[PDB]
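Scroll down for the structure; my scribbles are underneath it.
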Amino acid sequence: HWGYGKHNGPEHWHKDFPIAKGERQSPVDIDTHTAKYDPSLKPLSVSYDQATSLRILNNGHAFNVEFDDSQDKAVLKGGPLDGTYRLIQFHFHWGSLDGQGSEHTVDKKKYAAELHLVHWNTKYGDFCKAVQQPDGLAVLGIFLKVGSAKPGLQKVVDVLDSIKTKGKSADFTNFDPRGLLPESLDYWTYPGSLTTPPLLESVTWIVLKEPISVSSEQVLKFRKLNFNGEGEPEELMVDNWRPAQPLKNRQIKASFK
Ligand SMILES: Nc1ccc(/N=N/c2ccc(S(N)(=O)=O)cc2)cc1
Ligand SMILES: [Zn+2]
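Residues in the sequence shown are numbered consecutively from 4, following the authors' numbering.
This is the structure:
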């Protein structure tokens, strides 16, 4: 029953998920002047050449593009990470207006949307075990600004009509997530959590400094999705983002000088 409305939104989540008020919750504001360059960080390696997309699903909170994670086909390594993290899915969070929609903020700036590429640590064997571990997941976060169109997003945009309502899925094979990345892999990193219930404190966040540009027409099509199921009253899928949470006893590290 959790969601993003007045009556089931982020201010209510703590009543069923008490970890909502925990010590390593996400997202956070990234204060760029306070974040410190870390020389101990190794080079970040995004290896998506053999990625195998399968399906796209409207789950009632966002849409997920799902991948075959039964082998090391699309992996994230290096940076703050020990070992190999396998891509399982990506999704977005976005706003009702271009001035909001991101989960992380940068010096309090909100972007129009945020892309999350979700990976699990292969030392734990599957996602279900990994999500219960403090180093179980790595989420690569990428900001979206409204400007020129992102060509590699268009195949996602054009399938959204077929998954308008909660519980609808469609085939989504042969999609290359490399087309969603910016040029630079400069990043900030900190230990955090899932940004939706169950809000588990199992995520190493890696947030790219360079946003990608998407067109107004592209984000407008995100906003035509529905939170509701088929034949229920229409509630547009907009503002599916959690606001920034207290940083508490954490340091945000930068990969770049
Ligand atoms: N049992 C269970 C149910 C739902 C789960 N959700 N996984 C999610 C995966 C990634 C995100 S996020 N927004 O990338 O932090 C948030 C949730 C995880 C485990
Ligand atoms: Zn997310």
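Note that beta-carbon positions come from the ideal geometry of N, C-alpha and C, so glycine has one too.
query, result
"Residue interval of the alpha helix (DSSP H) (run including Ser-219)", "219-225"
"Cβ-based burial, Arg-89 [other Cβ within 10 Å; buried from 16]", "buried"
"Residues near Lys-132 in its chain [Cβ-Cβ closer than 6 Å; skip 5 each side]", "none"
"Nearest-angstrom Cβ-Cβ length linking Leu-239 and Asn-229, presumed shorter than 8 Å", "7 Å"
"Residues passing the C-beta test against ligand 2 heavy atoms, cut-off 6 Å", "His-94, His-96, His-119 and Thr-198"
"Proximity of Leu-60 and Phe-93 at Cβ, strictly below 8 Å", "no"
"Unbroken alpha helix (DSSP H) run spanning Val-159, endpoints", "157-162"
"Continuous alpha helix (DSSP H) stretch holding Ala-133: start and end", "130-133"
"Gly-12 versus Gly-6: straight-line alpha-carbon distance, rounded", "5 Å"
"Near ligand 1: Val-210 beta-carbon under 7 Å from a heavy atom", "no"
"Check: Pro-246 C-beta below 7 Å from any heavy atom of ligand 1", "no"
"Reference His-96; option with closest CA among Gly-102, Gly-81 and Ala-115", "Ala-115"
"Cut-off 8 Å between Cβ atoms - residues of its own chain near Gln-103, not counting five sequence neighbours on either side", "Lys-113, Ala-115, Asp-242 and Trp-244"
"Contact the stretch 23-40 vs the stretch 49-60: 3+ CB pairs below 8 Å", "no"
"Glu-233 burial status per 10 Å Cβ neighbour count (16 or more: buried)", "exposed"
"Helix, strand or coil at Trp-97 [DSSP, three-state]", "strand"
"8 Å contact criterion, which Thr-192 and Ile-209 should meet: CB distance rounded", "5 Å"
"Spatially closest choice to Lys-80 from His-122, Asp-19, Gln-254 and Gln-157, by CA coordinates", "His-122"
"Distance between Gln-157 and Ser-219 (C-alpha atoms, nearest Å)", "12 Å"
"The beta strand (DSSP E) enclosing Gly-195, as first and last residue numbers", "190-195"
"8 Å Cβ cutoff met for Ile-255 and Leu-211", "no"
"For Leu-90: DSSP bridge partner residues", "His-122"
"Check whether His-17 and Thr-199 have beta carbons under 8 Å apart", "no"
"Residue from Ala-173, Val-217, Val-149 and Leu-84 whose Cα sits closest to the Cα of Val-142", "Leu-84"
"Counted within 10 angstroms of its Cβ, other Cβ atoms place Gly-170 as buried (16 or more) or exposed", "exposed"
"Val-217 Cβ short of 7 Å to ligand 1 heavy atom set", "no"
"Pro-214 vs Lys-148 beta-carbon contact at 8 Å", "yes"
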